[PDB]
Each structure stands twice: as C-alpha cells, then as structure tokens.
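S.K.: Let's see this in three dimensions:
(chains A, B and C)
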Amino acid sequence: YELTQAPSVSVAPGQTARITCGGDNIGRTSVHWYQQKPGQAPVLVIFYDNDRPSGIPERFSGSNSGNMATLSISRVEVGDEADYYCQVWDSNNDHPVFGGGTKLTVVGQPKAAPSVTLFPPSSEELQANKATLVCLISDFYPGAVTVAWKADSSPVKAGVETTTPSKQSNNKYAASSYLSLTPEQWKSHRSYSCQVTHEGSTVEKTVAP
Amino acid sequence: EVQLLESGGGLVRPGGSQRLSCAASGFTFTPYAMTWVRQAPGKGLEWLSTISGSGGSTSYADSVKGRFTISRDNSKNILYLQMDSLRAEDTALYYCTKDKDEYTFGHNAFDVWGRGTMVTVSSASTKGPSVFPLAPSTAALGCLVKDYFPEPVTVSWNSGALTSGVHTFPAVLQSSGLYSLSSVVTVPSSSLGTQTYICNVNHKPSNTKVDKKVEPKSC
Amino acid sequence: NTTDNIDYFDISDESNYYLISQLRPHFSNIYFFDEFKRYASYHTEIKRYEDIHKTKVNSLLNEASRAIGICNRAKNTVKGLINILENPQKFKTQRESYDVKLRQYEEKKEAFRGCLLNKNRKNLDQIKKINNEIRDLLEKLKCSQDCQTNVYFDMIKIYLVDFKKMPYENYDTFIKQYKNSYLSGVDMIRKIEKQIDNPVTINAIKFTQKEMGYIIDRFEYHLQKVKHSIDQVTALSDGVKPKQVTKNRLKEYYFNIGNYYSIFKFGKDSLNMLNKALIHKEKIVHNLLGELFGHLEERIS
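M.R.: Numbers count the residues shown, from 1 in each chain, chains lettered A, B, ... in the order given. Coordinates below:
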C-alpha cells in the first residue's frame, strides 16, 4: 500500500489549512496524523480518522472517506508551521506505512532584511598556508537568499560552499557562506566581497588585507 | 510521565554493526507493541520494524529485512534494534515509538515518541577541528571551527560566562565530507579594549577541546 | 455469550525468568525434572530414581498445585466480572456504570494473577535448589574424561518424533487467520463507534477484543518458543556427534535438550489451551456483532 501526500501547502494566518492523504479506498482503514516541527519528534495530532488527543487544539480536525483523507487546521497560526505525515495499516503486507509528508508554510509573515558580517582569513590560519572567508547571514524572512562572491570586482565561482537557510529561534532564518582561497590569492587582490540577495534587495560587505 | 529514550547511535563503518536501545518508563511496557522509525536528514518518516508485546511476532521493512533485528527485554523495559551490515543509506535519526493501546501489534497510532538517535554510516574517520579566531573590526567577533567530522560541535564563550548576543550558525557540509561552522557574538565596542573573549570548542567524537582568544586586529 | 474458563491468564516473576501457567505442572521446569528421570533411566549406575521423584519432584508439583488452588476464589471473582463486561444482557441486569465495573475487573485481574506469583514464590526458589541436585546426581556417573553420548543422541531422536505429533503448520495457519480477523475487527470498531446511542454493545465488543489480543500475544509467544526448541534439537540431531565427551560436557548436553524439550511440552499444553480460549472469544465477538447489527431499522452505533 502507498500513501500520496503533496510536498507543500501554503496558507495565510487565520485561514484553514488542508493537507491531503490519498490511497486506494483509504476510507476503509484508520488514518493517523503526526505533526513534526523542526528539530523535534513527531506528535500525534489526529488518530482514527477524526479522534483528537487530549491537549491538541480543537483547530485540528480530520476526515477520511473514499480514496482521500484530509487533515484540516482552522485559524492557522504561525506556530503551525511543521511537516505533517499520515499513516495507515498496510493490510496486504501487514505493517504500518507513512506518507511522504507535507510541509506547511504560513505566508504573510513580516519581511525581514538580512544582516551580513564578513570576516577576513585568520592570521593564525594564513600561517598554516590556508585562507577562509566567512560570510554570516542573519535574521531574514523569508528564508531564501542567494550569495555571490567577488574578488576585487570579478565574480568568484571556485571555492564557494553555502549552507541551506535554517529557521532560527525567532522564526527568522540564518545561513553562512565560505570562500576558500590560497594565501597568495588573498594577499593578491585589493578586496573581497560577500553580496547577499534577498527578495530583490542586496546587502554587501567587503574586507581587504 | 510516559518516556521513551533512544541511545546507541554513532559513527560506524560500512559493513559494520551497531546496537540501538530504547529505555521505556512510566507505563506497563510489556502489553504494548513497540516500533522503530528512522528519518534520513531532510527526508520523511520510514517504518522499520515492529515487535509484539511478548516478542512472539516481528516484522521488518524490505530496506532492512535480513540485516536488522528487533528485540525487547520485558523485565527491564528496553527495546532493542541490532543493525548488521550497515550501509550508507542507513544514515538516519532512529526513533522509538509505542502503540497507543495494548495488544494492537502496530495496527494503531503512535502517541509517544522518543527524540531519536543519530546513526552515521560512513568510511570517513573521526577528525578533530581546527579553530581560528575571527577578530572584530556594537561589534562582531567570533571563532571559526574548521574541518571536523562528524557532528556535533559545542561552542561556549568565556567558559560559559558570556551568553547574550551569541549566535552559533549551523555547520556547512563541504565537498570534502568535513563540517565547519562559525560562532559569532555581538558585543558593544565599549568592551574591545576592556573585556576578553575566548571561544571554547569541544568535539566529543574526537575528544578534542580547544580554546582560542579573540583579540582585536592591531598593527 | 459467556467465558466459562479463564485458564488463559499467566504471569511471570519480576526477572521474567519463571513463567507460571494455570495448567499442570504450572512450571516448565517440572517437565525438565521428568526428563532427568528418563535420563538416569538409561544410566544404570544411578538408582536415585525414587529419591528425586518421590521426595522432591512430585512434592514440588503438589505444592505448586496447592498454591494455584488458593487463588481459585480470586479466579472466580475475576470470571464473574468478565461475564458482566462481555455480556450486555447481563450488564443490563446490574446497576453500576460501565467504567465502574471495568475498573473492578482491572483490580481483580491483577489481584488474581498476582496471587498466582505470590503463592508460588517459595515454590520457585525450590526449583533452583532442585536443578543443582540433578547435576550432582549426574556426577555419580561412573565415567569422567570419556562419557558416551549414546543416550544423549538416543533422547534427541526420540524427541524428533514427539515433535511430529504437534501440528505446528496448522497452528501457524490458525494464529495468522485469527490475528488478521482480530486486527480488522478492531480497526472497524474504531471507525463505526459513536457516542449518541447506548454504547453497551460496542463496550462489550472492545472488552472482549482486548482479551483476544492478550490471548493472541500469549499464543505467539509459545508458538515461537516451540519452534525455537524444535529447530534447535533437530540442529543438534544434525550437529556434531562425538561418541564421547567429558562428564562436565555431558551434563550441559542433558541440560540443553532437557530445557529445549521441556519448553516444547510446556508450549504444547499452553498452545492447545490458548487455541480454545481464542476460538471461544472470537465466537463471542461475532455473537456481539450480531447484536450490534441486529436492529438495522432502529440504530447501530
């Protein structure tokens, strides 16, 4: 048995989110729903199609009929952002099975501009014949930034590694970018720059030897 | 009150073995069926194995069947998962979970979950980090934790005395297979000449503790 | 209908090392003592047959038998509550809530099974004191550095035909069929259950089903243990066959197959009993489902 879940669903605050769980005659068996917030364990949010555990908000309701099961969150809050998984019993192979999961993203949050700090290579590092440029991007929403590096005024492609944006403590995001150079490359140029593009706007920092 | 706590996951070579355990407390452990569920980084939940309350029946997923073995000790309230012939694709966070009711053999919801244990199957050897100071030009100073494997890394400032303004960023996974992160802290430039700043970097897997003084840049 | 026999409950000590069954001899270790009775039967230099049997083994069987009987009063108290909670027609003749009668069943059940262990604690300590006596009795074997394994392999071959009498494949077929019906019946009650009408029939179904799961759980335990000891001694039947070992090795030989065979006989007793107990529970569930679906013109759940 296979369970079909959409990879992503977007809702506005106060609206009603709907996450679907598809399967051939899924209405014959019980569907269970789990909420998983980042860095946390799954939390049983709806069991047996529509039963709600004590302590789960009434904004969580469930329905299962025919070939489609649905978990609906009403008056959605920002804190509802999580991954949602459905689960049923596979009656042919006699074992539990989980759907692919659906990531819920609550839109309409205030836009936050990124703050950028750029550090030149350490002096102790250059003594070891290595040079690393550190670009730290902080406090930005939404979590989508593109980073470009520049030697003097020329774009740098080689030696760049960037993290995926991760949501911080305060519902803003953080990312870092590392440019690897030889000490000869670093002392050669007049400058180096980390430019951060976020929702059309740019923040640029620059260091020099 | 009802608690599940996984343990035993760490670095292990391809083809090697590793035993995971789940310590249960706060309920009658014997009448419940217990289940292992893993989650690869950034992927979804995957059912692995379920065991009856008494251990009379056990089931496995094809991805681990023939290599993993589930078992339990009903006198000490411990669930086990013995993993043999570990492959790279077994890299995941392994969760402990429990049937909502008794005598349901996994055909139920899972109401209580542990926080999981990270299993990392790789042939890369444990490597301690090199730590470099990021001198400041409010100001921003930090320390670079460079080329270490595997996770995790813990960074404190002034042996824990400094805590406000510290932002320790998630690590980057380089093409080399090594990790690197930076810990930054925002201080008032009132302090650059007065207060001192030393980062405390600890890498448990390699048993390496390093301190680096973060002094301003001077000519 | 009504559960006329609650022989399916068992219990074990806190170390989960000794398992008490309501069927004689209540301990599998007693079956192992009877095997040493047959082991010494083939070693002619041991005439302590009457000592181990009359003075020790049979009197432990009677003490365990007497300890089980002390709990007969608590046993019938539990059965009386089972016959009320599984029978809506009987539950309707009394006046207390379903949650009140359900809590009494939980208390009385734990009091009954706990009685089976508490009254048998001194009998369990007697088991370890007997185990040592068979090792000592086997030390009176005339041999030492070279002890023939003729009897040890004669007992193994006899054990193989005793296993043939047990219908393992059909037992496996049985437990898979009823477990599958049990799970689908449980899941369906989850979906059909509601709280707007009288929920007494749904309650009796769920109560009986929970006992069904306990019986199924115990059946699979014994079926697995029986299969293990069967495969183990047939492996020894194909496993290496020295014509002689030292007396210390032959002692653990007799203790290996003796343990394996005693778990088989113990499982055979329990599996034959749990087979009837599960069948009787399933027939009650279907009688209850007929009541649930008997008045379609009125309501269901």
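S.K.: Need phi/psi at residue A:206.
M.R.: Residue A:206 adopts backbone torsions of phi -150, psi 140, taken as degrees, to the nearest 10.
S.K.: Please list all residues in contact with it.
M.R.: A:118, A:191, A:192, A:193, A:194 (Cβ atoms under 8 Å, 6 or more residues apart in numbering or on different chains). C-betas here are computed from N, CA, C, even on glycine.
S.K.: among those, which ones are buried?
M.R.: Buried by 16 or more other Cβ atoms under 10 Å in any protein chain shown: A:118, A:192, A:193, A:194, out of those.
S.K.: Surely residue B:24 is in a helix?
M.R.: No. Residue B:24: not assigned to a helix; according to DSSP: H, G, I helix; E, B strand; the rest coil it is strand.
S.K.: since we're on it, how many residues are nearby?
M.R.: 23 (other Cβ atoms under 10 Å in any protein chain shown).
S.K.: so what's it bridging to?
M.R.: residue B:4 (DSSP bridges).
S.K.: Please report the distance of it from chain C.
M.R.: Look at residue B:24 and chain C: by Cβ to the nearest Cβ, to the nearest Å, they are 14 Å apart.
S.K.: quick one: which of the buried ones among the contacts of residue A:206 sit in strands?
M.R.: A:118, A:192, A:193, A:194 (DSSP state E).
S.K.: give me the beta-bridge partners of the second one?
M.R.: Just to be clear, that refers to residue A:192. Beta bridges link residue A:192 to residue A:151, residue A:207 when assigned by DSSP bridges.
S.K.: wait, what's in contact with it?
M.R.: So residue A:192 contacts A:120, A:133, A:149, A:150, A:151, A:152, A:156, A:179, A:186, A:206, A:207, A:208 (Cβ under 8 Å, 6+ apart).
S.K.: Angles on the backbone of the first one, please.
M.R.: Note on residue A:120: backbone dihedrals following degrees, to the nearest 10 are phi -70, psi 170.
S.K.: How many residues are close by it?
M.R.: Neighbour count for residue A:120, taken as other Cβ under 10 Å: 21.
S.K.: burial of the nearest residue to it once chain neighbours are set aside, as a residue count?
M.R.: In space, and not counting its chain neighbours, residue A:120 is closest to residue A:207: 4.2 Å by Cβ to Cβ, 6 or more residues apart in numbering or on different chains. Residue A:207 has 17 neighbours, counted by other Cβ under 10 Å.
S.K.: Contacts only, for residue A:207.
M.R.: Residue A:207 makes contact with A:118, A:119, A:120, A:133, A:191, A:192 under the criterion Cβ under 8 Å, 6+ apart.
S.K.: Contact residues of chain A facing chain C?
M.R.: For chain A, the residues in contact with chain C (Cβ under 8 Å from any Cβ of the partner chain) are A:29, A:30, A:48, A:49, A:89, A:91, A:94.
S.K.: List the beta-bridge partners for the fifth one.
M.R.: Spelled out, it's residue A:89. residue A:96.
S.K.: Up against chain C, what does chain B have?
M.R.: Residues of chain B lying near chain C by Cβ under 8 Å from any Cβ: B:31, B:52-57, B:73-75, B:102-105, B:107.
S.K.: Contacts only, for residue B:159.
M.R.: Residues in contact with residue B:159, defined by Cβ under 8 Å, 6+ apart, are B:198, B:200.
S.K.: Check for me that it belongs to a helix.
M.R.: Yes. With three-state DSSP as the criterion, residue B:159 is part of a helix.
S.K.: which of the residues of chain A next to chain C are buried?
M.R.: Buried among the residues of chain A next to chain C by 16+ other Cβ under 10 Å: A:29, A:30, A:48, A:49, A:89, A:94.
S.K.: Of these, which is the nearest to residue C:26?
M.R.: Of all these, residue C:26 sits closest to residue A:94, with 34.1 Å by Cβ to Cβ.
S.K.: Distance-wise, check the nearest residue to the closest one once chain neighbours are set aside relative to chain C.
M.R.: Distance criterion Cβ to Cβ, 6+ apart; nearest residue to residue A:94, sequence neighbours excluded, is residue B:59 at 6.6 Å. From residue B:59 over to chain C the distance is 12 Å, taken as Cβ to the nearest Cβ.
S.K.: Show me what residue of chain C gets nearest to chain A.
M.R.: residue C:190 (4.6 Å; Cβ to the nearest Cβ).
S.K.: Look up which helix or strand the residue positioned nearest the centre of chain B falls in, please.
M.R.: The residue lying closest to the centre of chain B (Cα atoms, centre = their mean) is residue B:118, at 4.4 Å. Element membership for residue B:118, per DSSP states H and E: strand B:117-121.
S.K.: is chain A contacted by whichever helix or strand comes after that strand?
M.R.: Sequence order places strand B:130-134 as the next helix or strand after strand B:117-121, per DSSP H and E. Yes. Using Cβ under 8 Å from any Cβ, we find that strand B:130-134 touches chain A at B:130, B:132, B:133, B:134.
S.K.: If we only consider those residues, which is nearest to chain C?
M.R.: Minimum distance to chain C across these is 51.0 Å, recorded for residue B:130 (Cβ to the nearest Cβ).
S.K.: Enumerate every residue touching that closest one.
M.R.: A:128, B:145, B:146, B:147, B:210.
S.K.: Tell me the buried residues within those residues.
M.R.: With neighbours counted by 16+ other Cβ under 10 Å, these contain buried members at B:145, B:146, B:147, B:210.
S.K.: Please verify my assumption that the last one contacts residue B:129.
M.R.: Yes. With the criterion set as Cβ atoms under 8 Å, residue B:210 and residue B:129 qualify as a contacting pair; they are 7.1 Å apart.
S.K.: where do the contact lists of these two overlap?
M.R.: Shared contacts of residue B:210 and residue B:129, defined by Cβ under 8 Å, 6+ apart, comprise residue B:201.
S.K.: neighbouring contacts of stretch C:132-141?
M.R.: C:33, C:36, C:39-40, C:43, C:45-46, C:48, C:52, C:56, C:147, C:247, C:250-251, C:254-255.
S.K.: meant to ask about stretch C:44-64
M.R.: Counting by Cβ under 8 Å, 6+ apart, C:24-27, C:30, C:33-34, C:36-37, C:40-41, C:120, C:122-123, C:126-127, C:130, C:133-134, C:137-138, C:140-142 sit against stretch C:44-64.
S.K.: Of the residues you listed, keep whichever come out buried.
M.R.: Buried among these (16+ other Cβ under 10 Å): C:25-27, C:30, C:33-34, C:36, C:40, C:120, C:123, C:126-127, C:130, C:133-134, C:137-138, C:141.
S.K.: Sitting in helices, which of those do you find?
M.R.: Those of the buried ones among the contacts of stretch C:44-64 mapping onto helices are C:30, C:33, C:34, C:36, C:123, C:126, C:127, C:130, C:133, C:134, C:137, C:138, per DSSP state H.
S.K.: So for chain C, the centremost residue is which one?
M.R.: Mean-position check on chain C, Cα atoms, centre = their mean. Result residue C:270 at 3.9 Å.
S.K.: who's in contact with it?
M.R.: Contacts of residue C:270 (Cβ under 8 Å, 6+ apart): C:10, C:21, C:23, C:218, C:222.
S.K.: try 10 Å this time
M.R.: C:7-8, C:10, C:19, C:21-23, C:28, C:218-219, C:221-223, C:225-226, C:277 (Cβ atoms under 10 Å, 6 or more residues apart in numbering or on different chains).
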